[PDB]
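Asks: Please find work.pdb (PDB, N, CA, C and O atoms) on the next line:
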ATOM      1  N   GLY A   1     -10.050   0.217  -5.456  1.00  0.00           N
ATOM      2  CA  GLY A   1      -8.746  -0.511  -5.495  1.00  0.00           C
ATOM      3  C   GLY A   1      -8.042  -0.361  -4.218  1.00  0.00           C
ATOM      4  O   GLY A   1      -8.630   0.022  -3.202  1.00  0.00           O
ATOM      5  N   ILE A   2      -6.739  -0.676  -4.172  1.00  0.00           N
ATOM      6  CA  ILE A   2      -5.964  -0.734  -2.931  1.00  0.00           C
ATOM      7  C   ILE A   2      -5.898   0.567  -2.268  1.00  0.00           C
ATOM      8  O   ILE A   2      -5.966   0.653  -1.007  1.00  0.00           O
ATOM      9  N   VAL A   3      -5.831   1.666  -3.017  1.00  0.00           N
ATOM     10  CA  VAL A   3      -5.693   2.984  -2.392  1.00  0.00           C
ATOM     11  C   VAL A   3      -6.944   3.325  -1.622  1.00  0.00           C
ATOM     12  O   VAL A   3      -6.902   3.796  -0.481  1.00  0.00           O
ATOM     13  N   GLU A   4      -8.085   3.023  -2.193  1.00  0.00           N
ATOM     14  CA  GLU A   4      -9.370   3.235  -1.519  1.00  0.00           C
ATOM     15  C   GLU A   4      -9.641   2.256  -0.367  1.00  0.00           C
ATOM     16  O   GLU A   4     -10.054   2.633   0.686  1.00  0.00           O
ATOM     17  N   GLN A   5      -9.323   0.993  -0.560  1.00  0.00           N
ATOM     18  CA  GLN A   5      -9.491  -0.026   0.462  1.00  0.00           C
ATOM     19  C   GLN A   5      -8.732   0.283   1.743  1.00  0.00           C
ATOM     20  O   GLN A   5      -9.241   0.160   2.860  1.00  0.00           O
ATOM     21  N   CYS A   6      -7.457   0.619   1.611  1.00  0.00           N
ATOM     22  CA  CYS A   6      -6.623   0.871   2.783  1.00  0.00           C
ATOM     23  C   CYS A   6      -7.154   2.099   3.573  1.00  0.00           C
ATOM     24  O   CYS A   6      -6.942   2.158   4.769  1.00  0.00           O
ATOM     25  N   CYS A   7      -7.815   3.033   2.880  1.00  0.00           N
ATOM     26  CA  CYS A   7      -8.319   4.242   3.526  1.00  0.00           C
ATOM     27  C   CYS A   7      -9.724   4.113   4.119  1.00  0.00           C
ATOM     28  O   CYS A   7     -10.000   4.524   5.220  1.00  0.00           O
ATOM     29  N   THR A   8     -10.618   3.495   3.371  1.00  0.00           N
ATOM     30  CA  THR A   8     -11.972   3.346   3.840  1.00  0.00           C
ATOM     31  C   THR A   8     -12.180   2.143   4.721  1.00  0.00           C
ATOM     32  O   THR A   8     -13.092   2.146   5.538  1.00  0.00           O
ATOM     33  N   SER A   9     -11.349   1.124   4.554  1.00  0.00           N
ATOM     34  CA  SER A   9     -11.402  -0.026   5.410  1.00  0.00           C
ATOM     35  C   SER A   9     -10.037  -0.284   6.033  1.00  0.00           C
ATOM     36  O   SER A   9      -9.459   0.612   6.661  1.00  0.00           O
ATOM     37  N   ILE A  10      -9.508  -1.491   5.838  1.00  0.00           N
ATOM     38  CA  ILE A  10      -8.146  -1.792   6.267  1.00  0.00           C
ATOM     39  C   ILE A  10      -7.487  -2.615   5.180  1.00  0.00           C
ATOM     40  O   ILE A  10      -8.165  -3.191   4.322  1.00  0.00           O
ATOM     41  N   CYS A  11      -6.157  -2.682   5.201  1.00  0.00           N
ATOM     42  CA  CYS A  11      -5.412  -3.531   4.298  1.00  0.00           C
ATOM     43  C   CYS A  11      -4.180  -4.080   4.950  1.00  0.00           C
ATOM     44  O   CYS A  11      -3.733  -3.514   5.979  1.00  0.00           O
ATOM     45  N   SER A  12      -3.623  -5.161   4.440  1.00  0.00           N
ATOM     46  CA  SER A  12      -2.434  -5.777   5.013  1.00  0.00           C
ATOM     47  C   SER A  12      -1.184  -5.413   4.187  1.00  0.00           C
ATOM     48  O   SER A  12      -1.256  -5.024   3.030  1.00  0.00           O
ATOM     49  N   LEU A  13      -0.041  -5.592   4.812  1.00  0.00           N
ATOM     50  CA  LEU A  13       1.228  -5.406   4.122  1.00  0.00           C
ATOM     51  C   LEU A  13       1.415  -6.400   2.982  1.00  0.00           C
ATOM     52  O   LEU A  13       2.048  -6.117   1.992  1.00  0.00           O
ATOM     53  N   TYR A  14       0.795  -7.589   3.138  1.00  0.00           N
ATOM     54  CA  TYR A  14       0.834  -8.630   2.105  1.00  0.00           C
ATOM     55  C   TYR A  14       0.018  -8.170   0.892  1.00  0.00           C
ATOM     56  O   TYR A  14       0.389  -8.433  -0.258  1.00  0.00           O
ATOM     57  N   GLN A  15      -1.127  -7.508   1.084  1.00  0.00           N
ATOM     58  CA  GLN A  15      -1.872  -6.918  -0.001  1.00  0.00           C
ATOM     59  C   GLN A  15      -1.083  -5.783  -0.692  1.00  0.00           C
ATOM     60  O   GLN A  15      -1.042  -5.722  -1.936  1.00  0.00           O
ATOM     61  N   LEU A  16      -0.405  -4.959   0.087  1.00  0.00           N
ATOM     62  CA  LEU A  16       0.412  -3.883  -0.481  1.00  0.00           C
ATOM     63  C   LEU A  16       1.535  -4.424  -1.337  1.00  0.00           C
ATOM     64  O   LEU A  16       1.910  -3.829  -2.333  1.00  0.00           O
ATOM     65  N   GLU A  17       2.065  -5.568  -0.988  1.00  0.00           N
ATOM     66  CA  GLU A  17       3.169  -6.146  -1.716  1.00  0.00           C
ATOM     67  C   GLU A  17       2.804  -6.477  -3.175  1.00  0.00           C
ATOM     68  O   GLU A  17       3.687  -6.436  -4.055  1.00  0.00           O
ATOM     69  N   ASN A  18       1.545  -6.686  -3.467  1.00  0.00           N
ATOM     70  CA  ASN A  18       1.117  -6.880  -4.853  1.00  0.00           C
ATOM     71  C   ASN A  18       1.420  -5.671  -5.748  1.00  0.00           C
ATOM     72  O   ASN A  18       1.359  -5.845  -6.990  1.00  0.00           O
ATOM     73  N   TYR A  19       1.675  -4.492  -5.209  1.00  0.00           N
ATOM     74  CA  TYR A  19       1.969  -3.309  -5.953  1.00  0.00           C
ATOM     75  C   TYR A  19       3.414  -3.026  -6.103  1.00  0.00           C
ATOM     76  O   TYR A  19       3.784  -2.019  -6.770  1.00  0.00           O
ATOM     77  N   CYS A  20       4.286  -3.855  -5.558  1.00  0.00           N
ATOM     78  CA  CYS A  20       5.711  -3.717  -5.818  1.00  0.00           C
ATOM     79  C   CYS A  20       6.017  -4.077  -7.274  1.00  0.00           C
ATOM     80  O   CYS A  20       5.305  -4.907  -7.909  1.00  0.00           O
ATOM     81  N   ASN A  21       7.059  -3.466  -7.809  1.00  0.00           N
ATOM     82  CA  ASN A  21       7.561  -3.856  -9.130  1.00  0.00           C
ATOM     83  C   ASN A  21       8.579  -4.996  -9.040  1.00  0.00           C
ATOM     84  O   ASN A  21       9.468  -5.105  -9.940  1.00  0.00           O
TER
ATOM     85  N   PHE B   1       2.759  -9.338  11.104  1.00  0.00           N
ATOM     86  CA  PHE B   1       2.401  -7.917  10.830  1.00  0.00           C
ATOM     87  C   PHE B   1       0.951  -7.614  11.142  1.00  0.00           C
ATOM     88  O   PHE B   1       0.081  -8.436  11.014  1.00  0.00           O
ATOM     89  N   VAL B   2       0.650  -6.390  11.355  1.00  0.00           N
ATOM     90  CA  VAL B   2      -0.698  -5.957  11.684  1.00  0.00           C
ATOM     91  C   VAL B   2      -1.365  -5.369  10.479  1.00  0.00           C
ATOM     92  O   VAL B   2      -0.711  -4.902   9.558  1.00  0.00           O
ATOM     93  N   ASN B   3      -2.694  -5.379  10.483  1.00  0.00           N
ATOM     94  CA  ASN B   3      -3.444  -4.651   9.471  1.00  0.00           C
ATOM     95  C   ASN B   3      -3.299  -3.180   9.668  1.00  0.00           C
ATOM     96  O   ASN B   3      -2.939  -2.679  10.731  1.00  0.00           O
ATOM     97  N   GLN B   4      -3.657  -2.483   8.581  1.00  0.00           N
ATOM     98  CA  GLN B   4      -3.326  -1.097   8.268  1.00  0.00           C
ATOM     99  C   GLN B   4      -4.560  -0.268   7.933  1.00  0.00           C
ATOM    100  O   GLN B   4      -5.409  -0.721   7.194  1.00  0.00           O
ATOM    101  N   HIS B   5      -4.620   0.999   8.429  1.00  0.00           N
ATOM    102  CA  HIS B   5      -5.583   2.004   7.950  1.00  0.00           C
ATOM    103  C   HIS B   5      -4.733   3.136   7.465  1.00  0.00           C
ATOM    104  O   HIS B   5      -4.072   3.801   8.251  1.00  0.00           O
ATOM    105  N   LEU B   6      -4.665   3.290   6.128  1.00  0.00           N
ATOM    106  CA  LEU B   6      -3.712   4.196   5.465  1.00  0.00           C
ATOM    107  C   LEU B   6      -4.404   5.045   4.459  1.00  0.00           C
ATOM    108  O   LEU B   6      -4.921   4.485   3.484  1.00  0.00           O
ATOM    109  N   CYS B   7      -4.379   6.330   4.642  1.00  0.00           N
ATOM    110  CA  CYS B   7      -4.937   7.330   3.715  1.00  0.00           C
ATOM    111  C   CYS B   7      -3.838   8.260   3.187  1.00  0.00           C
ATOM    112  O   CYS B   7      -2.822   8.494   3.827  1.00  0.00           O
ATOM    113  N   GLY B   8      -4.093   8.822   2.017  1.00  0.00           N
ATOM    114  CA  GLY B   8      -3.182   9.830   1.490  1.00  0.00           C
ATOM    115  C   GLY B   8      -1.755   9.405   1.439  1.00  0.00           C
ATOM    116  O   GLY B   8      -1.405   8.294   0.958  1.00  0.00           O
ATOM    117  N   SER B   9      -0.851  10.299   1.825  1.00  0.00           N
ATOM    118  CA  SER B   9       0.567  10.043   1.733  1.00  0.00           C
ATOM    119  C   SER B   9       0.987   8.903   2.640  1.00  0.00           C
ATOM    120  O   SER B   9       2.087   8.351   2.425  1.00  0.00           O
ATOM    121  N   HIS B  10       0.230   8.568   3.672  1.00  0.00           N
ATOM    122  CA  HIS B  10       0.593   7.446   4.530  1.00  0.00           C
ATOM    123  C   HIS B  10       0.622   6.158   3.773  1.00  0.00           C
ATOM    124  O   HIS B  10       1.419   5.265   4.058  1.00  0.00           O
ATOM    125  N   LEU B  11      -0.243   5.968   2.790  1.00  0.00           N
ATOM    126  CA  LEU B  11      -0.158   4.724   2.033  1.00  0.00           C
ATOM    127  C   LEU B  11       1.083   4.684   1.154  1.00  0.00           C
ATOM    128  O   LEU B  11       1.676   3.621   1.018  1.00  0.00           O
ATOM    129  N   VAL B  12       1.503   5.808   0.578  1.00  0.00           N
ATOM    130  CA  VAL B  12       2.748   5.815  -0.172  1.00  0.00           C
ATOM    131  C   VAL B  12       3.956   5.491   0.668  1.00  0.00           C
ATOM    132  O   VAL B  12       4.862   4.794   0.211  1.00  0.00           O
ATOM    133  N   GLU B  13       3.994   5.950   1.912  1.00  0.00           N
ATOM    134  CA  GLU B  13       5.091   5.605   2.823  1.00  0.00           C
ATOM    135  C   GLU B  13       5.097   4.126   3.089  1.00  0.00           C
ATOM    136  O   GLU B  13       6.152   3.491   3.155  1.00  0.00           O
ATOM    137  N   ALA B  14       3.914   3.535   3.271  1.00  0.00           N
ATOM    138  CA  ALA B  14       3.825   2.108   3.509  1.00  0.00           C
ATOM    139  C   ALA B  14       4.317   1.305   2.290  1.00  0.00           C
ATOM    140  O   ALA B  14       5.061   0.327   2.444  1.00  0.00           O
ATOM    141  N   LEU B  15       3.893   1.700   1.102  1.00  0.00           N
ATOM    142  CA  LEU B  15       4.401   1.059  -0.112  1.00  0.00           C
ATOM    143  C   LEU B  15       5.911   1.138  -0.209  1.00  0.00           C
ATOM    144  O   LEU B  15       6.608   0.180  -0.610  1.00  0.00           O
ATOM    145  N   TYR B  16       6.450   2.323   0.100  1.00  0.00           N
ATOM    146  CA  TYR B  16       7.901   2.487   0.050  1.00  0.00           C
ATOM    147  C   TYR B  16       8.581   1.481   0.963  1.00  0.00           C
ATOM    148  O   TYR B  16       9.588   0.863   0.584  1.00  0.00           O
ATOM    149  N   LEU B  17       8.106   1.357   2.207  1.00  0.00           N
ATOM    150  CA  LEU B  17       8.688   0.428   3.135  1.00  0.00           C
ATOM    151  C   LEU B  17       8.535  -1.033   2.702  1.00  0.00           C
ATOM    152  O   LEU B  17       9.484  -1.807   2.871  1.00  0.00           O
ATOM    153  N   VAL B  18       7.374  -1.393   2.278  1.00  0.00           N
ATOM    154  CA  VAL B  18       7.155  -2.779   1.898  1.00  0.00           C
ATOM    155  C   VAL B  18       8.033  -3.155   0.713  1.00  0.00           C
ATOM    156  O   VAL B  18       8.577  -4.247   0.643  1.00  0.00           O
ATOM    157  N   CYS B  19       8.109  -2.272  -0.278  1.00  0.00           N
ATOM    158  CA  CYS B  19       8.712  -2.629  -1.534  1.00  0.00           C
ATOM    159  C   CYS B  19      10.175  -2.374  -1.665  1.00  0.00           C
ATOM    160  O   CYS B  19      10.896  -3.103  -2.392  1.00  0.00           O
ATOM    161  N   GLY B  20      10.648  -1.377  -0.949  1.00  0.00           N
ATOM    162  CA  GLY B  20      12.077  -1.079  -0.961  1.00  0.00           C
ATOM    163  C   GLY B  20      12.585  -0.852  -2.382  1.00  0.00           C
ATOM    164  O   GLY B  20      11.933  -0.210  -3.236  1.00  0.00           O
ATOM    165  N   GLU B  21      13.717  -1.487  -2.684  1.00  0.00           N
ATOM    166  CA  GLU B  21      14.364  -1.306  -3.966  1.00  0.00           C
ATOM    167  C   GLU B  21      13.590  -1.911  -5.129  1.00  0.00           C
ATOM    168  O   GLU B  21      13.928  -1.591  -6.280  1.00  0.00           O
ATOM    169  N   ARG B  22      12.573  -2.729  -4.887  1.00  0.00           N
ATOM    170  CA  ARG B  22      11.745  -3.233  -5.933  1.00  0.00           C
ATOM    171  C   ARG B  22      10.995  -2.099  -6.560  1.00  0.00           C
ATOM    172  O   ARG B  22      10.592  -2.262  -7.712  1.00  0.00           O
ATOM    173  N   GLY B  23      10.746  -0.996  -5.826  1.00  0.00           N
ATOM    174  CA  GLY B  23       9.831   0.013  -6.324  1.00  0.00           C
ATOM    175  C   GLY B  23       8.410  -0.417  -6.321  1.00  0.00           C
ATOM    176  O   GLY B  23       8.091  -1.546  -5.915  1.00  0.00           O
ATOM    177  N   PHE B  24       7.515   0.470  -6.711  1.00  0.00           N
ATOM    178  CA  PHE B  24       6.109   0.217  -6.673  1.00  0.00           C
ATOM    179  C   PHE B  24       5.368   1.147  -7.584  1.00  0.00           C
ATOM    180  O   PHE B  24       5.866   2.153  -8.102  1.00  0.00           O
ATOM    181  N   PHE B  25       4.070   0.791  -7.785  1.00  0.00           N
ATOM    182  CA  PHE B  25       3.124   1.613  -8.500  1.00  0.00           C
ATOM    183  C   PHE B  25       2.019   2.065  -7.546  1.00  0.00           C
ATOM    184  O   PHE B  25       1.469   1.259  -6.791  1.00  0.00           O
ATOM    185  N   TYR B  26       1.764   3.360  -7.560  1.00  0.00           N
ATOM    186  CA  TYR B  26       0.692   3.998  -6.822  1.00  0.00           C
ATOM    187  C   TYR B  26      -0.413   4.293  -7.788  1.00  0.00           C
ATOM    188  O   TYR B  26      -0.253   5.155  -8.657  1.00  0.00           O
ATOM    189  N   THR B  27      -1.577   3.615  -7.642  1.00  0.00           N
ATOM    190  CA  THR B  27      -2.610   3.644  -8.672  1.00  0.00           C
ATOM    191  C   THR B  27      -4.013   3.933  -8.068  1.00  0.00           C
ATOM    192  O   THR B  27      -4.774   2.988  -7.919  1.00  0.00           O
ATOM    193  N   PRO B  28      -4.290   5.160  -7.673  1.00  0.00           N
ATOM    194  CA  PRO B  28      -5.648   5.504  -7.158  1.00  0.00           C
ATOM    195  C   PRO B  28      -6.684   5.352  -8.222  1.00  0.00           C
ATOM    196  O   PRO B  28      -6.414   5.562  -9.377  1.00  0.00           O
ATOM    197  N   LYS B  29      -7.919   5.177  -7.771  1.00  0.00           N
ATOM    198  CA  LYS B  29      -9.074   5.329  -8.635  1.00  0.00           C
ATOM    199  C   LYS B  29      -9.258   6.775  -9.017  1.00  0.00           C
ATOM    200  O   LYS B  29      -9.016   7.745  -8.241  1.00  0.00           O
ATOM    201  N   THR B  30      -9.675   6.985 -10.249  1.00  0.00           N
ATOM    202  CA  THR B  30      -9.971   8.335 -10.725  1.00  0.00           C
ATOM    203  C   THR B  30     -11.470   8.464 -10.996  1.00  0.00           C
ATOM    204  O   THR B  30     -12.021   9.588 -11.132  1.00  0.00           O
TER
END
For the structure just supplied, provide its representation as structure tokens.
Replies:
Amino acid sequence: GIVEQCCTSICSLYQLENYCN
Amino acid sequence: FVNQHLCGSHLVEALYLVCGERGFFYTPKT
């Protein structure tokens, strides 16, 4: 998931925004 | 914005910034 993706690869701020409430 | 390489607590800081007062969920794989 996002926590693993951002660490093992890269992720965008737009992808992180999917986890906002 | 630029892409991100975020591990551990650095990803929580990034979520905090992106989401602000909306809050967020931190959901690692177990």
Asks: Starting from the ChimeraX specification (/B :<5) & /A, expand the selection into actual residues of this file and give them as a PyMOL selection string.
Replies: chain A and resi 3+6-7+9-13+19-21
Asks: What's the separation between atom O of residue 18 (chain A) and atom O of residue 4 (chain A), in Å to one decimal place?
Replies: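 Interatomic distance, atom O of residue 18 (chain A) to atom O of residue 4 (chain A): 16.2 Å.
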Asks: Work out where the centre of an axis-aligned box around every listed atom of region 2-19 of chain A lies and how long its edges are once 8 Å is added on each side; give both in Å to one decimal as AutoDock Vina command-line options.
Replies:
--center_x -4.7 --center_y -2.1 --center_z -0.2 --size_x 32.9 --size_y 29.2 --size_z 29.7
Asks: Please report, as an mmCIF file with N, CA, C and O atoms, in the frame of the given file, each residue of chain A to which DSSP assigns helix (DSSP H, G or I) when run on this structure's backbone.
Replies:
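Generated output (result.cif):
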data_model
loop_
_atom_site.group_PDB
_atom_site.id
_atom_site.type_symbol
_atom_site.label_atom_id
_atom_site.label_comp_id
_atom_site.auth_asym_id
_atom_site.auth_seq_id
_atom_site.Cartn_x
_atom_site.Cartn_y
_atom_site.Cartn_z
ATOM 1 N N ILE A 2 -6.739 -0.676 -4.172
ATOM 2 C CA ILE A 2 -5.964 -0.734 -2.931
ATOM 3 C C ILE A 2 -5.898 0.567 -2.268
ATOM 4 O O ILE A 2 -5.966 0.653 -1.007
ATOM 5 N N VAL A 3 -5.831 1.666 -3.017
ATOM 6 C CA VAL A 3 -5.693 2.984 -2.392
ATOM 7 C C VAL A 3 -6.944 3.325 -1.622
ATOM 8 O O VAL A 3 -6.902 3.796 -0.481
ATOM 9 N N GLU A 4 -8.085 3.023 -2.193
ATOM 10 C CA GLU A 4 -9.370 3.235 -1.519
ATOM 11 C C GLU A 4 -9.641 2.256 -0.367
ATOM 12 O O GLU A 4 -10.054 2.633 0.686
ATOM 13 N N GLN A 5 -9.323 0.993 -0.560
ATOM 14 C CA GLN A 5 -9.491 -0.026 0.462
ATOM 15 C C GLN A 5 -8.732 0.283 1.743
ATOM 16 O O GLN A 5 -9.241 0.160 2.860
ATOM 17 N N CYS A 6 -7.457 0.619 1.611
ATOM 18 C CA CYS A 6 -6.623 0.871 2.783
ATOM 19 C C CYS A 6 -7.154 2.099 3.573
ATOM 20 O O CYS A 6 -6.942 2.158 4.769
ATOM 21 N N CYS A 7 -7.815 3.033 2.880
ATOM 22 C CA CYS A 7 -8.319 4.242 3.526
ATOM 23 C C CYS A 7 -9.724 4.113 4.119
ATOM 24 O O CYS A 7 -10.000 4.524 5.220
ATOM 25 N N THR A 8 -10.618 3.495 3.371
ATOM 26 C CA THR A 8 -11.972 3.346 3.840
ATOM 27 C C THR A 8 -12.180 2.143 4.721
ATOM 28 O O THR A 8 -13.092 2.146 5.538
ATOM 29 N N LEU A 13 -0.041 -5.592 4.812
ATOM 30 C CA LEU A 13 1.228 -5.406 4.122
ATOM 31 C C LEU A 13 1.415 -6.400 2.982
ATOM 32 O O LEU A 13 2.048 -6.117 1.992
ATOM 33 N N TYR A 14 0.795 -7.589 3.138
ATOM 34 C CA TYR A 14 0.834 -8.630 2.105
ATOM 35 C C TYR A 14 0.018 -8.170 0.892
ATOM 36 O O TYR A 14 0.389 -8.433 -0.258
ATOM 37 N N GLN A 15 -1.127 -7.508 1.084
ATOM 38 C CA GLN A 15 -1.872 -6.918 -0.001
ATOM 39 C C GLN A 15 -1.083 -5.783 -0.692
ATOM 40 O O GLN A 15 -1.042 -5.722 -1.936
ATOM 41 N N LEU A 16 -0.405 -4.959 0.087
ATOM 42 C CA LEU A 16 0.412 -3.883 -0.481
ATOM 43 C C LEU A 16 1.535 -4.424 -1.337
ATOM 44 O O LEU A 16 1.910 -3.829 -2.333
ATOM 45 N N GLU A 17 2.065 -5.568 -0.988
ATOM 46 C CA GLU A 17 3.169 -6.146 -1.716
ATOM 47 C C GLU A 17 2.804 -6.477 -3.175
ATOM 48 O O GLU A 17 3.687 -6.436 -4.055
#
